[PDB]
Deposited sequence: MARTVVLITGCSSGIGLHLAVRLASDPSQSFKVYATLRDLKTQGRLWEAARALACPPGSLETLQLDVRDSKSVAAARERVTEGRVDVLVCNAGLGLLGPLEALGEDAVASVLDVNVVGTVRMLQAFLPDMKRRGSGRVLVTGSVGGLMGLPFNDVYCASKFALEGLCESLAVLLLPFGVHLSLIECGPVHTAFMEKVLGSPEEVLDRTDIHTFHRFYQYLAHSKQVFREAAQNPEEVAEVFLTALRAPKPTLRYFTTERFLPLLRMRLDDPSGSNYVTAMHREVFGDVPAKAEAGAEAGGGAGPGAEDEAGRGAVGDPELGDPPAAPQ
């Protein structure tokens, strides 16, 4: 019988493309529960599943809101096979702006979804994998969790939080046979404001922001991968017999992660990334 996969954040992007890539795999070894915050966004998913000709019963949708442990629980109970072989923690919010303009609730929500939500997922599904002696957990990580970037203060916070969360658990899970990996993504082919911003921020920050934005759209256009490409990395990690804690989707940033970790006082990275972003 098949490898049972459950994936959070499947309405679009990586989650959507991974779920159908797995459910449509010519091996037909995967049963996929693609989970979604709101079942009303499932159109694109079911369209793509139908384009790739996913066999009947390879793909099912569940509603799963990672802010709500009872929603988490109810989705787990809906896994008829009664176990999960592969958990993919992929749901995540973005947030982009000068720290002082971001609404307090929005800061809270990014943490609650990206970090607390990933904790809830692991709390709900890890016990069974431990008791069993097997399971793959994959977490959609980020380059913004390895290095900080201006105006991504809270997004970066949350992705660094995943590093810490996962690295700690991975040290516990060795003699269990459960393999937690992070899939470190760079930019990908799939948040700001105006008078809201400037009122709260200051006249010089206001302009340093769009010098970041209009710079970012450059790096978008030279390394923003396909989610198919990314999905495919999640696959290599599943089929890995001894998977590592991190996998990288693109190499275009391993220069800086060399430079960053040369200086343990860290002010080399600060200087170099400031020049590289602005001038």
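- Residues 1, 192-197, 287-328 of the deposited sequence have no C-alpha coordinates in the structure.
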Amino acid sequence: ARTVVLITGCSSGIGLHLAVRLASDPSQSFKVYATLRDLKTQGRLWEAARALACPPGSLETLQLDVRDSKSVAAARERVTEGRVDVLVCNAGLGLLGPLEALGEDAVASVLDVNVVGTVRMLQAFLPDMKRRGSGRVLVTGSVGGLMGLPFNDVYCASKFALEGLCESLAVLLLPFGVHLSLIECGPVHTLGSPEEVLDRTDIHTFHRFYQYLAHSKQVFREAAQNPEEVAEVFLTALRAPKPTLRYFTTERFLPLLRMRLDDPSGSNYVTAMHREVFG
From here on, numbers count along this sequence of modelled residues.
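By rigid core we mean the largest C-alpha set that fits within 1.5 Å across both forms.
- When the other structures are laid on the shown form by the rigid core, the stretch among 195-203 and 96-104 with the greater C-alpha deviation in 7 other deposited structures of this protein turns out to be 195-203.
- Comparing 59-67 with 214-222 by root mean square Cα distance to the shown form in 7 other deposited structures of this protein, with the rigid core used for the fit, gives 214-222 as the more displaced stretch.
- Set 129-137 against 102-110 and average the Cα temperature factors; 129-137 ends up higher.
- The PDB entry reports B-factors from which the mean C-alpha value can be compared for 257-265 and 8-16; the larger average falls on 257-265.
- Listed residues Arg200, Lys159, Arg76, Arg120 were ranked by CA B-factor as deposited; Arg200 comes out on top.
- Of the candidates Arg44, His215, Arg246, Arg37, the PDB record gives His215 the highest C-alpha temperature factor.
- When all modelled residues of the chain are sorted by CA temperature factor, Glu196 is found within the highest third.
- Ranked by C-alpha B-factor against the other modelled residues of its chain, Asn90 falls in the lowest third.
- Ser29 sits in the middle third of its chain by CA B factor, as recorded in the PDB entry.
- Residue-level temperature factors show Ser168 in the middle third of its chain, judged at the C-alpha atom.
- In the deposited entry, the Cα temperature factor of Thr61 sits in the bottom third of values across the chain's modelled residues.
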